[PDB]
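We did not get these values from a lab; they are worked out from the coordinates using the rules stated. In this analysis, Cβ positions are derived from the backbone assuming ideal geometry, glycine residues included, and neighbour counts consider all displayed protein chains.
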Amino acid sequence: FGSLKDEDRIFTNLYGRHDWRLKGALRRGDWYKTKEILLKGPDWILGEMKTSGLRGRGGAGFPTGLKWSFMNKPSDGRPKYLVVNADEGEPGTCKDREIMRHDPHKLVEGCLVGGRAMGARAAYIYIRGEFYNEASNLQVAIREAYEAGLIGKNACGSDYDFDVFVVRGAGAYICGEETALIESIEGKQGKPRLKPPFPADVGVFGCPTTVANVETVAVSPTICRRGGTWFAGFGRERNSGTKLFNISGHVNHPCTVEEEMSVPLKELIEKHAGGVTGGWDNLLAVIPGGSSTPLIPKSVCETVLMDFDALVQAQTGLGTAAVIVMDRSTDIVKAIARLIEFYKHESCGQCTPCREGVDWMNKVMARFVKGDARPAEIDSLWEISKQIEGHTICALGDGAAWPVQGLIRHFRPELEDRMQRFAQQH
Amino acid sequence: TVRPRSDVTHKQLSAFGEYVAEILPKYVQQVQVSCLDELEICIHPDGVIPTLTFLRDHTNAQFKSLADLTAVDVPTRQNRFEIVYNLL
Amino acid sequence: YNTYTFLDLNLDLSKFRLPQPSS
Amino acid sequence: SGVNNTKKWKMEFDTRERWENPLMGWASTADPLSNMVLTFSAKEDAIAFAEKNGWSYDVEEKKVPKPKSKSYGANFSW
Amino acid sequence: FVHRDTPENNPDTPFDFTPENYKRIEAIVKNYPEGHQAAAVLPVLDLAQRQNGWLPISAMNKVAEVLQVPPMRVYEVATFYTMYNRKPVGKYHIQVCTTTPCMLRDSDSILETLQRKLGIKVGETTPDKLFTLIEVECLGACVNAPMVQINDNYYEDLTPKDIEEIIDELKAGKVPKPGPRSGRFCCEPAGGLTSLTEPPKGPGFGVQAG
Amino acid sequence: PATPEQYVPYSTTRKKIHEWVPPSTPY
Amino acid sequence: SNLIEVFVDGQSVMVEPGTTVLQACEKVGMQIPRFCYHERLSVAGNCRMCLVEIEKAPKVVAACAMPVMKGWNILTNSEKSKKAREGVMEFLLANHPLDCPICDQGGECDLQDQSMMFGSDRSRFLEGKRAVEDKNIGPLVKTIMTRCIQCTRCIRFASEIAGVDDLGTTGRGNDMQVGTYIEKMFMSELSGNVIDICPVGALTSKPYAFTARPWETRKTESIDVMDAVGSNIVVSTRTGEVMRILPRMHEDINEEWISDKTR
Amino acid sequence: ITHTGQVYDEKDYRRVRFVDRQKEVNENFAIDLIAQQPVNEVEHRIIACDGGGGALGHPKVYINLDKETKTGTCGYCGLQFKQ
Amino acid sequence: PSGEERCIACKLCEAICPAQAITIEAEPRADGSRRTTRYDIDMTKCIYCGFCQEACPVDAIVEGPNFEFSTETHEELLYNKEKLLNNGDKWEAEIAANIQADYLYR
Ligand SMILES: Cc1cc2nc3c(=O)[nH]c(=O)nc-3n(C[C@H](O)[C@H](O)[C@H](O)COP(=O)(O)O)c2cc1C
Ligand code: SF4
Ligand code: SF4
Ligand code: SF4
Ligand code: SF4
Ligand code: FES
Ligand code: FES
Ligand SMILES: [Zn+2]
């Protein structure tokens, strides 16, 4: 439900206030049962996540255990690998920036705890190129850990071998995709591959590979070291566990709090963070999972709590759980319009739907903000939207269509008036 | 842009096609009502005078006028020419 | 921080890294 | 890349003189059977027609592409 | 996306990794599996950018040589990513985040202030070559929606006057306290932490026999 | 708001072929 | 017998494991409309003009890259797989420059046909088109690349048949331009094949620029005499002078390709 | 000689045609008339060229006057546009 | 108006001309542009059906309002590109009025 206890808050060093470095980490006791866990077995680790029923902490939601289970199949003579994507291009995902800037070890032991679960030879962490600062913090942390012998061959005084590496991103949101990151590592252009060859079977350097949101890798060790069931209790049904929530825009105290999942949307701005700037009635709309997920208008805001099942009932996605809030002084139409501008400046262009479709919606959306376009065009953008939604090679085209669909779904009268406003002044 | 059609005809004529096929089993090789709602009784060449006489002089099927007689030539078919008699 | 510090950390963690497989 | 024009057997005749009309520079010809491309549906039915009409034939066997195995992942190996 | 050879930006310019740089080069490679030096392109191309911001056609060709890859390969990587600059950026490249999260926090409000202070249009270098302003997209520090990235400095919660203090510090002197401004630090509920105030539970706590 | 100017056709085509011009001096 | 059984609108054909959904339709005889998929070129999935709907399945799959599985019935003429083509063709055409009476791949266009058979009667793009900058790739290939549908066939051929990796994609977004970043001519034998392999008329042949138009060309099948491989070729003659020689497929000798010399 | 050559060689017997007659030859060569036209300066990177008309001119194509190095020429009007 | 021939040698007007009357062999005109070197009607084969004026995407070939052009000989009816272009350099004051008069209905 809500009011996650500090005693249950995984990322204790959030907000810093501790030594993100190892000695702070030791007081955190992050490396407490690592040898034991690995000793227990890879099968024991996946039992822990299956019991946890953790969902993907990245924009896509899938059982974390089943995804890791897939490349637990016997090696075919190719080294298995771990890829941690610290890229978070999605607006409002400062969620991950926290775990690299702070509590970097949380992720380092997440990597080896996760590594033996998939039997990965090594893990590469792709941080956003922008986070040069963040990249500096982690390898200082990674360097500490090996010096200790926590990672490396015979890591944590155990038979198992692991090596952790950090890879420089280069300002691309699409590099965040499950497969495209792999291609970026491989050194080719960051263009996603098709799903038929699933990442596990075909991978980074053509070997089995797996990709996890940094939050997903980070919570593993604590979910196993601590009781996974313990975590499970926090979640709701399929939904489970605490996921960091970032609230940004039109709220009195924008902040990232790792409060519990399944939180009433009205409650998290009202109780933690900062109540919606201007009052809870000054809420034109809420973007729950970030730019990719459709915004939900106030009417439904207070009604649904934050969890992926509840949101999909609501037609929106928990995604990165980045809450972007809009007051009534905003231009709903120009707000979403810049997100389509966010996607035309960013989609790879590999696939026909997304390439021309996202540019086509950008042109129509800019006209919509001006009000130059006629009212009949508004549903035509509906139809352009679903052509892009099911036909794209990756999910970004999936993502571009949803905000457009949300604007037409709940704010169709406002766009018509902008249509009307321009027609009147001629 | 989809023809205004009557299904009554397809059925009525289909039924006549079975009638003609039953009345003349010896000469008719295939009867089919096309989707243009027209009927085509394909007869063995020997049935040319029998089949047309039955249609010209039968109370339940009087086909008094010969609209036209023409011969499509499909060179592939062994019997190239396909004489076609349209009756009203 | 400086432009070359991130890569110098990599320069440093080379030894830390054990050997890499070859295809 | 349309394969709908490579499915029916054609019987075309030899290419004789195509010359130039002195007055306007157009292409002129005296081969009455020049624009002739009969279309059959099988080798058997074309040889039959040519033999039927007394022409000489030069049958050329069909050349369907063989099956070439294609896989997306293959280009990701190393 | 076409490199029309120009005297300044052309193959003529000689590029070569400093003895120190070449060292760095190797470090990167080994990170990748053997015989996969190809992957080194992005990280290496980055060090060519570290060496020189311009990174001219000559520099890319050099990268291809070092990693043994086909030049076109490197050219494709450089063009795809915004991080690499194929033109001479200014000494201080100021990038203002203008995605919707920041906009709603008047990120644009920052823009107008910076254009006037730099006294220049958005997208080009100052005559002084001192600063270069560009309207970059989300930088991943949405919590502090007002935000500008100055050569990694990554400042935040910036207000016209805040940027004012910052731009003056860059123009005279250096290292202008890069980071948030209001003192909200990184993602602190401004009013109060509201959480994590309780002391760390300590190692072992909650193990619950896993 | 007999005549000499009679249209006469051409072959406006640029002659579409070129014959070898034999060598000018013998061998 | 590792044949696996899969249904093409019911014909229930049996195919080797690992055949693509597009390939399964071919043996029944159906043709998936396709761009960016060439039989002897790697599958890329760029166009996604081949989206089909396997049965009782949530979304449309790419017939060029999806390995057909056991007992999936492909529905190639469903109400969905036509909205998956009526809506893609909307996009390819949206940024396309209307100069079909300039594009000498007039009747030789795999993009007007598929528009003219599987695409849409009208246009809804009431906005502004894009334009790219014509560059010089050589004296044999005229790249009026504002025509390009970014299908990456050229990039692959240049890299998988001819080993000349000079061509490549540059830039992201709608701005992706498929060409040679620096202006270096595409000099190699096997060069002219790009013309034949680009279904769009973006880059076409410069000598045969505007001498003819394909419906007129009478096509006589003959043999290559310039080189001893004896590559099969089709000589396209109009009113009695040869206008172009393009390859005709011989599995064993020239499988759809001919030399720069003999063209 | 027509704008496209065609001039008969003195020996050509194909010259009798014009005896007691003459030769229909247009004096207004479009190679030059189009050169006697001002390069259309523009502000935008890309420009249209409906052929100076909507439905009375030529199909509408957008030309990329992006390089001053080259004045885009609509393939239909032969009009050069000066960025 | 500028003076540039409108015909860009599409061959969209002999592919429809049912009387098979038109031969428009073309080249690049040495400006880099695209124009005819050849154009033709045999006016003793044409049927005045106007399938060439409605197919032309540029309004180059039209079918003017002349009907007093009888000839004492057969050769004066095989029009060339220069008896059609100066012909069109004659009636353009009289054609365009009728095009502008009927363009909407077409
Ligand atoms: C355009 C695009 C951008 C993405 N960016 C990110 C990202 O920045 N971080 C991330 O964790 N996942 C991102 N994803 C989702 C990944 O494809 C993948 O599903 C996810 O990283 C898996 O993490 P999880 O399984 O631990 O949730 C992105 C997906 C798309 C289509
Ligand atoms: S390619 Fe040439 S022909 Fe095919 S559509 Fe585009 S323009 Fe018309
Ligand atoms: S050029 Fe022809 S082939 Fe190369 S991409 Fe553009 S269209 Fe596809
Ligand atoms: S006349 Fe009109 S149609 Fe005939 S070629 Fe010239 S332009 Fe194309
Ligand atoms: S009018 Fe004369 S020329 Fe124009 S199409 Fe009909 S017949 Fe051919
Ligand atoms: S939008 Fe500027 S911080 Fe993400
Ligand atoms: S043809 Fe299937 S992906 Fe383009
Ligand atoms: Zn024009």
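Any chance you could list the semi-axes, whole Å, largest first, of the equivalent ellipsoid that the Cα gyration tensor gives for segment E:68-180, using √(5λ)?
Equivalent ellipsoid of segment E:68-180: 26, 17, 13 Å, largest first.
Measure nothing but the geometry: give the 0 to 90° angle between the long axis through the Cα atoms of A:214-225 and the longest principal axis through the Cα atoms of chain A, rounded to 10°.
The helix A:214-225 is inclined about 40 degrees to chain A.
Once the mean 1/r over all distinct Cα pairs of segment A:214-329 is inverted, what Kirkwood radius in angstroms do you read off?
Hydrodynamic radius (Kirkwood, Cα only) of segment A:214-329 equals 14.3 Å.
For a quick protection proxy, order the peptides A:135-147, A:388-400, C:6-18 by their average other-Cβ count within 10 Å, most packed first.
Ranking the peptides A:135-147, A:388-400, C:6-18 by packing returns A:388-400, A:135-147, C:6-18.
Tell me which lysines have Cα within less than 17 Å of E:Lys129's Cα, excluding those fewer than 8 residues away on the same chain?
By straight Cα distance, E:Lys129 reaches E:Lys87, E:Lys91, E:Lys117, E:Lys121, E:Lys171, E:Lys174.
Relative to the compact globular guide of 2.2 N^0.38 Å, what is the alpha carbon radius of gyration of chain H, as a ratio?
Scaled against compact globular proteins, the figure is 1.63.
Compute the projected area of the convex hull of the Cα atoms of segment A:171-216, averaged over all viewing directions, and report it in nm² to one decimal place.
In nm², the orientation-averaged hull projection of segment A:171-216 is 3.3.
Where does the charge balance sit around G:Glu183 when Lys and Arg score +1, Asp and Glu -1, over other residues with C-beta under 14 Å from its C-beta?
Once positives and negatives cancel, what remains is +1.
Once the Cα gyration tensor of chain D is diagonalised, what are the square roots of 5 times its eigenvalues, in whole Å and ordered largest first, as equivalent ellipsoid semi-axes?
With the √(5λ) rule applied to chain D, the semi-axes are 39, 23, 9 Å.
So for each of E:35-44, I:31-40, G:217-226 I average, over its residues, the number of other beta carbons within 10 Å; can you give me the resulting order with the highest mean first?
E:35-44, I:31-40, G:217-226
Could you pull the Rg and Dmax for the protein assembly as shown, using just the Cα atoms, both in Å?
Cα only, the protein assembly as shown: 36.5, 120 Å (Rg, Dmax).
From Cα coordinates alone, what are the radius of gyration and Dmax values for segment E:15-88 in angstrom?
Both quantities, over Cα of segment E:15-88: 11.1, 34 Å.
Springs between alpha-carbon atoms under 10 Å, Gaussian network over chain I: tell me which of I:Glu72, I:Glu27, I:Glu94 tops the mean-square fluctuations.
Highest fluctuation among the options: I:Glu72.
Counting only other chains, and only Cβ atoms inside 10 Å, what mean value do you get across the residues of G:174-186?
6
Starting from the Cα of D:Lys52, draw a straight line to each of the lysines and keep only those under 30 Å, dropping any in the same chain fewer than 8 residues away.
D:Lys7, D:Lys8, D:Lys10, D:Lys43, D:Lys62, D:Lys63, G:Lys219
If you find the alpha carbon centre of segment B:26-60 and of chain F, how far apart are they in angstrom?
With segment B:26-60 and chain F each reduced to a Cα centre, they are spaced 66 Å.
Mind sorting E:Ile28, A:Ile296 by how few other Cβ atoms lie within 10 Å of their own Cβ, fewest first?
With the sparsest Cβ surroundings first, the list reads A:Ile296, E:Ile28.
Treating only the Cβ of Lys, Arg, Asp and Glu as charged (+1, +1, -1, -1), what charge dipole size does chain B show about its Cα centre? Round to the nearest 20 debye.
Around 60 debye, computed over chain B.
Rounded if a/c is under 1.5, else prolate if a/b is larger than b/c, else oblate: which is segment D:23-68, with a ≥ b ≥ c the root eigenvalues of its Cα gyration tensor?
Oblate, because a/c is 1.5 or more while a/b does not exceed b/c.
Name the residue farthest towards the positive end of the dipole of the protein assembly as shown from the options E:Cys187, A:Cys348, D:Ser34, assuming +1 on Cβ of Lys and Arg, -1 on Cβ of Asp and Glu, about the Cα centre.
The Cα lying farthest towards the positive end belongs to E:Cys187.
Restricting attention to the alpha-carbon atoms of chain I, what are Rg (one decimal) and Dmax (integer), both in Å?
Reported Rg and Dmax, both Å: 13.9, 41.
Binned at 10 Å from 0, what are the whole-percent values of the Cα-Cα distance distribution for segment G:1-212, short to long?
The percentages, shortest bin first, are 8, 31, 32, 21, 8, 0.
When we measure straight from the Cα of G:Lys27, which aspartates and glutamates land under 12 angstrom away, once same-chain ones fewer than 8 places off are left out?
Cα-Cα hits under 12 Å: G:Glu16.
What angle, in degrees between 0 and 90 and rounded to the nearest 10, separates the Cα long axis of helix A:377-391 from the longest principal axis of the Cα atoms of chain A?
20
With Cβ to Cβ distances under 9 Å as the rule, what net charge do the other residues near D:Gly73 carry (K, R +1; D, E -1)?
Its environment carries a net charge of 0.
Holding the Cα-Cα limit at 24 Å, pick out from E:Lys62/G:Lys206; A:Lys40/E:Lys30; G:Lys59/G:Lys83; G:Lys142/H:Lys67; A:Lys188/G:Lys129; A:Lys23/E:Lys177 the pairs that are longer than that.
In this structure, E:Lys62/G:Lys206; A:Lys40/E:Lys30; A:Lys188/G:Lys129; A:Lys23/E:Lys177 lie more than 24 Å apart at Cα.
Have a look at G:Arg153, G:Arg48, G:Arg124 and tell me which one the Gaussian network model of chain G (Cα, springs below 10 Å) gives the largest fluctuation.
Looking only at G:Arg153, G:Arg48, G:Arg124, the biggest GNM fluctuation is shown by G:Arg124.
Could you tally the net charge around E:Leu55, taking each other residue with its Cβ under 12 Å from the Cβ of E:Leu55, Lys/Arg +1 and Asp/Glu -1?
Once positives and negatives cancel, what remains is +3.
On a 0 to 90° scale, report how tilted helix E:41-51 is relative to the longest principal axis of chain E, with both axes built from alpha carbons and the result rounded to the nearest 10.
On a 0 to 90 degree scale, this one is about 90.
Let a ≥ b ≥ c be the square roots of the eigenvalues of the Cα gyration tensor of segment A:54-233; is it rounded (a/c under 1.5), or, if not, prolate (a/b larger than b/c) or oblate?
rounded
Per-residue Cβ counts within 10 Å, from other chains only, averaged over A:244-255: what number is that?
That average works out to 6.
Which three numbers, in whole Å and largest first, are the semi-axes of the equivalent ellipsoid of chain E derived from its Cα gyration tensor as √(5λ)?
Computed over chain E, the values are 36, 28, 14 Å.
Among G:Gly18, I:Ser70, A:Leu265, which residue has its Cα furthest toward the positive end of the charge dipole of the protein assembly as shown, with +1 on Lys/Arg Cβ and -1 on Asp/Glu Cβ?
A:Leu265
Counting only helical runs of four or more DSSP H residues, what would the 222 nm mean residue ellipticity of chain E come to if each run contributes -39,500 (n - 2.57) and the total is spread over all its residues?
Mean residue ellipticity at 222 nm (helix-derived): -10000 deg cm²/dmol.
Please tell me the relative contact order of segment A:54-233 in percent, rounded to the nearest whole number, where contacts are Cα pairs under 8 Å and at least six residues apart.
30
Taking each residue of A:384-391 in turn, how many C-beta atoms of other protein chains fall within 10 Å of its C-beta, and what is the average?
5
Mind telling me which of A:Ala170, A:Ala180, A:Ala321 comes out most flexible in a GNM of chain A, alpha-carbon contacts under 10 Å?
A:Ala170
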